[PDB]
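Residue numbering for the sequence shown follows the authors' numbering, starting at 3 and increasing by one per position.
Take a look at the structure below.
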Amino acid sequence: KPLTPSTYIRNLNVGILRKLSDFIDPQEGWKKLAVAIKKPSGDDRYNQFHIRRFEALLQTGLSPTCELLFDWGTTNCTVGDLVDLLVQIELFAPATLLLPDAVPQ
């Protein structure tokens, strides 16, 4: 089904998750995203030790972006939330992957 801002991250299909990984895992994109995600209190959702755990996934050939999205997706955050964060951290390519109309041009 076509993505909308309301789609939950936990419902994204394998294909889109893998492609998001291709855009976000390189060049510490996943770490920019991980640091940017806030709890409702405004506090960081992920501390340095959470981030180190995601980092260690490279190198068993695993994707930190996937782990991050799987974990964060347990909060019922949405494609809209993710696109806001991607625009904020200037990872425009995966933003356009998900919601091309939501991206500043």
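All C-beta atoms, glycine included, are put in the ideal place defined by N, C-alpha and C.
- DSSP state of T67, grouped into three classes? helix
- Item | Close Cβ partners of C79 (< 6 Å) along its chain, the five nearest in sequence each way excluded | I11
- Item | Top-ranked residue by Cα proximity to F51, from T6, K33, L71 and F72 | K33
- Task: Mind reading off the beta-carbon distance from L84 to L100? Whole number of angstroms is fine, and I expect it under 8 Å.
- Result: 7 Å
- Who are the Cβ neighbours of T9 in its own chain at under 7 Å, not counting the five residues just before and after it? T80 and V81
- Task: Go ahead and label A36 buried or exposed: buried means 16 or more other beta carbons lie within 10 angstroms of its beta carbon, across all protein chains shown.
- Result: buried
- Quick one: what does DSSP say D27 is sitting in, helix, strand or coil? coil
- Query: What is the DSSP secondary structure of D45, counted as helix, strand or coil?
  - Reply: coil
- Task: Find the nearest neighbour of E57 within the set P7, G75, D27 and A97, judged by alpha-carbon distance.
- Result: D27
- Please classify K3: does DSSP put it in a helix, a strand, or coil? coil
- Since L22 contacts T77 with CB under 8 Å, what's their CB separation in whole angstroms? So it is not a contact: roughly 17 Å between Cβ atoms.
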